[PDB]
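Residue numbers (this note's numbering), protein chains in the order written: chain R, 1 to 829; chain A, 1001 to 1829. Inspection log for the structure reproduced underneath, given as structure tokens.
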Ligand SMILES: O[C@@H]1[C@@H](O)[C@H](O[C@@H]2CO[C@@H](O[C@@H]3CO[C@@H](O[C@@H]4CO[C@@H](O[C@@H]5CO[C@@H](O)[C@H](O)[C@H]5O)[C@H](O)[C@H]4O)[C@H](O)[C@H]3O)[C@H](O)[C@H]2O)OC[C@H]1O
Ligand SMILES: O[C@@H]1[C@@H](O)[C@H](O[C@@H]2CO[C@@H](O[C@@H]3CO[C@@H](O[C@@H]4CO[C@@H](O[C@@H]5CO[C@@H](O)[C@H](O)[C@H]5O)[C@H](O)[C@H]4O)[C@H](O)[C@H]3O)[C@H](O)[C@H]2O)OC[C@H]1O
Ligand SMILES: [Ca+2]
Ligand SMILES: [Ca+2]
Ligand SMILES: [Ca+2]
Ligand SMILES: [Ca+2]
Ligand SMILES: [Ca+2]
Ligand SMILES: [Ca+2]
Ligand SMILES: [Cl-]
Ligand SMILES: [Cl-]
Ligand SMILES: [Cl-]
Ligand SMILES: [Cl-]
Ligand SMILES: [Cl-]
Ligand SMILES: [Cl-]
Ligand SMILES: [Cl-]
Ligand SMILES: [Cl-]
Ligand SMILES: [Cl-]
Ligand SMILES: [Cl-]
Ligand SMILES: [Cl-]
Ligand SMILES: [Cl-]
Ligand SMILES: [Cl-]
Ligand SMILES: [Cl-]
Ligand SMILES: [Cl-]
Ligand SMILES: [Cl-]
Ligand SMILES: [Cl-]
Ligand SMILES: [Cl-]
Ligand SMILES: [Cl-]
Ligand SMILES: [Cl-]
Ligand SMILES: [Cl-]
Ligand SMILES: [Cl-]
Ligand SMILES: [Cl-]
Ligand SMILES: [Cl-]
Ligand SMILES: [Cl-]
Ligand SMILES: [Cl-]
């Protein structure tokens, strides 16, 4: 159900029209001389009933059956017979652009008791109506290009009534295959054996664009020539009903490589110098595509993506170029020039030629363009909205250039596409919308949004935008999966809008403020939610879910954690803290995970159907272009010999406290026989530390913490957190001596009251014990010093004390389960 | 490989002993009059070769085969023949406790060219050696009780040499089934049809304890009587080689329920009052277990978990009770009393009886006990370490009582078990170690650690502790999975140590400081890492992974997010912010997910093998006990009519700034025709807001933000972040007027310089555009006010400005990608 939702049911009903009964499809009646592109779509619908039911819908040319699905254009014999007998409201289609009419009617023809009619105003309107039914029975436009499975059915009925999508609001609506190496090129080679895009590949692109209800394509042009590499390319597009175009610097239906490949035979591409050969270039161009409905790019820039002393009389060079471009069209097409659709794209030295009134002939479409990052540059004023030929918009989902290429994943928030396209429509630009899609994949969702907006931008607003995302998800994964799948698509798109993967690195986010950890943790949360959903899917759904959701999310969550880890590696390495080695390991592991994930996408997902599609490098950019060998491991640093890199931590106060994890001492003096032993992971946070073993005297032992406090401070509250050890050796309890060396020192008895005596047993004892820790505080007078450095000192007086955390409190203390983030520190010897 | 690692290979070798060749196991030779418990283990080993190879190892009674695995005790005929011919070092086993000897020997007996010998010093030492081989060939002790699959093999050889575990350091090592309703009781009923634990159930518990190398059990005693409910219970334990005991208040081999069930027939349980019937109770107790090696609890507390005016002569009551308890043992056992192992547990009014020297007879074991939360209360002094009978330790992994029961999941950090048990051993307590395991599951890992420490505590230290976890993981999931599986077990155990699930709620963690978000996000990260690992497992491994890792992690990560969400719900509801409704929904969803997860564990995992094991309630505690109906939805609050709950936000400064998300205005005046429209999710953070549509004049419109600043502030820097809209309508750019109403106001032109002119194109233009936002700052003079409240005002002057975020900066501003955490605020009308 693309256009009309909730009219096809999975049970039959007397007051509904049966499309499929106990496995057998209803036959499709078609005029055998129907437009060949419409027959192709009808054949695809016949096979779509095959995908649903197990048997193809018989495609017939005579009303043999008592009930029928009758398809065709207004001019085909059966539709023509229906409008003439007023069985169908033909007035609602005659003259209309790309419109279908879908309605059940009783006794359409003699011998037919009841039929579903799909009548198109023209070729494409018939195709669209057919594919509307295709969706109704459960074949997503993405059934091939993103492996979206078809729910098998045994019976289908459709509600009566008259159904339409009306006419599209934008005349030309399509995509540009661009930035296509190495991905799309690798995939076309692996799949078709061709170092070019041939008509097998392009017809497969055409069916998609048509199922999506678009009509337009700029073919790939980096190393290919859509018109020259295969003579069926133009012929197939013309038959199937795609309008072909060329990009802004490819005038006159010549693909750029047709000139490049023969720079030796051809001249220089300077109109005044090389006029003769270039005019011949242009002519055979229009010669090749006359009798098709292709858009003719007119004008002239440079060759490559460069422009072309100028100013007054240079503007008159362009004027001239358009003039004789049009007589060339006239001499070839036979008709006059305004009978051939033409488009003049504007860029650099043209917005400037705009003001003195450089406009093309009235009939020509003026193709505006975005900034390569989704923001429109110029729009028509109220005065020039008049323009008869109308206006286009070229929009980027993918871009190679400044400030850095973006070639890997979708980077376009849903809100950003809509917010800028709604503006585009509201200012009158509605003749051509074409979006740069990179390799097509993985832009599946923005493409669907882009084209659905081009059909009817009026049905989108800020409140209902994500309703579109939810509908898309329900189509791909089913009603039960839809809310959560759309939620993920929206979120990962938004995260990707924050910074492109190619421009993400260790310095993107703020590390001290905790921002890096937030966005890294939060993307992994999204990955966890996508993993949970993935386990609930039916097997036949996993490949589509991975292509539309799981791989983008996993690959980005992994990329984020990699750079976050690099940022932590450098911080700890600067600080001389051997924990740097852990984060170095994480960088390595996440870097390799990135290759694991793309290897899966290419080689394992869908049995390697998409091998090549996910081979763009992404890690190792140094300039704007991806001209470096391959994904490169971000630089990491390691502390040699990390076991003898202990002690010597000195802290600096921040935000009212000095919070210290107990193992980050400045020095530790061992006892007689018993030695300071750190216990990894023990406690609520970093680790614990204790003299071992517990059978030895602790006499003389001490831990020492070096810290800097602002001179304005006169007394402090010292919190020491230890493990909730009980008084096992001696009922009077465990004591330790805390104090600033050079100043006053109190002793703490932290478990004298942890027992089963009535006043303690439930008031203190069981509560503290079930928490596993005890926290004591002394209040200590801070003496004077000239450098501001102090040495806090912890001296145990009984065995088995497990020190865990210290916080000196001079204002900024916050009650909390983990006893606050550790204060800044670094290491010395 | 439990005891000896890296001696069994998957290929054969001339200098190794073949255990399995091309599918055929080597035969096991056993004396047919061998101890019946040893034969049982040998039969289990025969079937373990079946689990590995597909065919069971033939178990034979004569040396028919040229090569053999020869098992038995020192007294069985074949082992006896080997030690006498000095083929085996019998001196290394005679007298030793529970020791095996495993060694290849050539020509052991005539007609046998080569055999692997497994000789035990006694019954249990033989069993242990057999199960050592069981592990060598790949059968985990957890192959049944946690579904750990057996890697199929076609050939196995074992290295030559002499192999042993020596003797255990703790004489009795076992578990207490306790807190066993509703889980273990439900599972036993579902599995065996019995509202009691019968000998089918207990033998299955025995095989586990033996494969784990323990020898001790306190059976379940809440509603069952191990000795009374089934006469094969004692007989099976005696045959298989388990030492049975009873808990601290179950004297004389009587299970508590044997008294409870007949409170009517029996008397009151007051020794002085009801002496006659209680002595008869005690007697038939010892009568029932004489001729077995069971531990006899002596002493007397109350019935229930309560004690029993006292002081001087009351201590003489206990003295007397022990005295005649021992003559009862003497009159029944025939021998004297010190020939029967006895244990006196100490609790409440006994540590006090301790000081005046209340000690039992010298031969009796004194069973100390922890605090029910893993911390030891008393340990022997150097003077009383002398005690001939020795000392025990009762340790909790599970507990019903103060301050709140803990009955759902493992809560014991690995470090905490070790740190307190290493102390226990070092102080001389090495006769009995028994751990309260709840329902056994899901304590699989702490049980293995506990018992492995009881075998040889000397091999554990702070540095190598987690080596044990890694070895355990490699056994359950394979070398390739081990590091990451152990990492997860360690972490989730640590997190659970921070607070028990039953005591977790909205107020556990600090929300303002971001601590709640940290621990919630971090547990979900652990879940994501466990999910990733789960997808790499072979199918046959998934059930074990879910039981030992995935379900604890998912269930806790979900529980944490639930309470975190509740905490957010209440904060936003207090603040009158309709976002509260989102968090209410999350509480509901996570609450139901908790039931999804346990439904899976019970009913779907392993085809419902474990149905009942995971039915403990956990959500809805109000006191210490789980006496409430069922898991209950934590209380949430919702803002009625949340669409008309906009505007009226007023902010309070914190930490040097006022950070405002653009949609949290105090008031918004609409324009003529164009209306303030908020665009969900748009931008880097909360959302965007803009006058729509863009075709209307914006004259007069404004947003207003109300905020409180400390009176000490005289001027501010105001940062406004908008979308990077370009100057599409008018090349001079977009302008807006920012200022404090009642004070000065500057205007900002944020895109006058976003174009392709040479000085802008790569310096500013492409960088800002690819970032999707622009940030401008004015510096504004702050005027005087008496309440400290100000009204910042944003007035657009051109169409299409997308406001996203504001931060007024008076010191605390931090450069960051998201422009800082939003400042505190609330809502009014
Ligand atoms: O950082 C700042 C820089 O941004 C600034 O650098 C400018 C960036 O913008 C660049 O213009 C882009 C150049 O690249 C064009 O794409 C072409 C398309 O043709 C491709 O050729 C094919 C490649 O694949 C092969 O296999 C095949 O054989 C080829 O036919 C070519 O690879 C691409 O580069 C873009 O469309 C332009 O937008 C500009 O050149 C830079 O100068 O400098 C300042 C610095 O501060
Ligand atoms: O919050 C503070 C409180 O902590 C304090 O409350 C005390 C908590 O400690 C309690 O002692 C525990 C009581 O419960 C015992 O377990 C029994 C075992 O027997 C069970 O009976 C079976 C239940 O299942 C049935 O199906 C079966 O038929 C029964 O046989 C019974 O359910 C359990 O309760 C524990 O072992 C004790 O440790 C103490 O009673 C409380 O007073 O009060 C102060 C407050 O501030
Ligand atoms: Ca790409
Ligand atoms: Ca029009
Ligand atoms: Ca790679
Ligand atoms: Ca339990
Ligand atoms: Ca001993
Ligand atoms: Ca439940
Ligand atoms: Cl087809
Ligand atoms: Cl419509
Ligand atoms: Cl070719
Ligand atoms: Cl034509
Ligand atoms: Cl034409
Ligand atoms: Cl709108
Ligand atoms: Cl809605
Ligand atoms: Cl952004
Ligand atoms: Cl900070
Ligand atoms: Cl670590
Ligand atoms: Cl040291
Ligand atoms: Cl004190
Ligand atoms: Cl002391
Ligand atoms: Cl068995
Ligand atoms: Cl050992
Ligand atoms: Cl019974
Ligand atoms: Cl015996
Ligand atoms: Cl005996
Ligand atoms: Cl030790
Ligand atoms: Cl190690
Ligand atoms: Cl804790
Ligand atoms: Cl804070
Ligand atoms: Cl939300
Ligand atoms: Cl409003
Ligand atoms: Cl300016
Ligand atoms: Cl203006």
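Ideal Cβ placement from N, Cα and C applies to all residues, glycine included.
May I ask which residues mark the beginning and end of the alpha helix (DSSP H) holding residue 1123 (chain A)? 1123-1137
Notebook entry, point to check: Looking at the C-beta of residue 514 (chain R), does it have a partner C-beta in chain A at a distance below 9 Å?
Noted result: yes
- Task: Could you spell out the range, first to last residue, of the beta strand (DSSP E) harbouring residue 1435 (chain A)?
- Result: 1432-1436
* Could you tell me whether the Cβ atoms of residue 356 (chain R) and residue 393 (chain R) are closer together than 9 Å? => no
### Task
Mind reading off the beta-carbon distance from residue 1240 (chain A) to residue 1296 (chain A)? Whole number of angstroms is fine, and I expect it under 8 Å.
Going by Cβ atoms, the distance from residue 1240 (chain A) to residue 1296 (chain A) rounds to 20 Å, so no, they are not a contact pair.
>> Run through chain R and tell me which residues come within less than 9 Å of residue 1677 (chain A), C-beta to C-beta.
In response: 461, 462, 463
Discussion item. Based on DSSP bridge pairs, tell me the residues matched to residue 787 (chain R).
Written reply: Answer by DSSP bridge pairing: none, since residue 787 (chain R) is not bridged.
Quiz item: CA-CA distance, residue 1512 (chain A) and residue 1828 (chain A)?
Solution: 21 Å
- prompt: Quick one, what's near ligand 20 if you take every residue whose CB is closer than 7 Å to any heavy atom, in chain order?
  reply: R:749, R:752
Given that residue 426 (chain R) touches chain A, what residues does it touch there, using C-beta distances under 8 Å? 1693, 1694, 1695
How big is the Cα-Cα spacing for residue 1195 (chain A) and residue 1045 (chain A)? 32 Å
Item checked: Contacting positions in the region 332-352 of chain R - beta carbon closer than 7 Å to chain A -> 348
With respect to 8 Å, is the separation between the Cβ of residue 166 (chain R) and the closest non-hydrogen atom of ligand 4 below this value? no
Please list the partners that residue 1590 (chain A) has in chain R, where partner means a Cβ-to-Cβ separation under 9 Å. Those do not exist, as residue 1590 (chain A) stays about 12 Å from chain R at its closest Cβ, beyond 9 Å.
Review point. Residue 171 (chain R): beta carbon under 8 Å from a heavy atom of ligand 4?
Key: yes
I'd like to know if the region 519-528 of chain R and the region 1518-1538 of chain A are in contact, where contact means that at least 3 CB-CB pairs between them fall below 8 Å. yes
Strictly closer than 6 Å from CB to any heavy atom of ligand 34: give me those residues in the order they appear in the chain.
A:1797, A:1798
- CB of residue 431 (chain R) to nearest heavy atom of ligand 4: below 8 Å? yes
Does the contact criterion of 3 or more C-beta pairs under 8 Å hold for the region 759-779 of chain R versus the region 714-723 of chain R? yes
(message) Measuring only from the beta carbon, is residue 711 (chain R) closer than 8 Å to any heavy atom that is part of ligand 32?
(response) no
For residue 690 (chain R): DSSP bridge partner residues: R:677
Exercise for review: Please decide whether residue 401 (chain R) counts as near chain A, where near means a Cβ-Cβ distance under 9 Å.
Suggested key: yes
Any heavy atom of ligand 13 closer than 8 Å to the beta-carbon of residue 235 (chain R)? no
* With burial defined as no fewer than 16 other Cβ atoms inside 10 Å of the residue's Cβ, what is the status of residue 1761 (chain A): buried or exposed? -> exposed
**Report entry** Other residues of its chain near residue 1490 (chain A): CB distance less than 7 Å, five sequence neighbours each side excluded
**Finding:** 1414, 1466, 1469
Beta carbons nearer than 7 Å to chain A: which residues of the region 523-543 of chain R have them?
524, 525, 527, 528, 531
Check: For residue 348 (chain R), which of R:243, R:248, R:697, R:8 has the nearest alpha-carbon?
Finding: R:248
Residues around ligand 24, please: the ones whose beta-carbon is closer than 7 Å to some heavy atom of it, in chain order.
A:1196, A:1229
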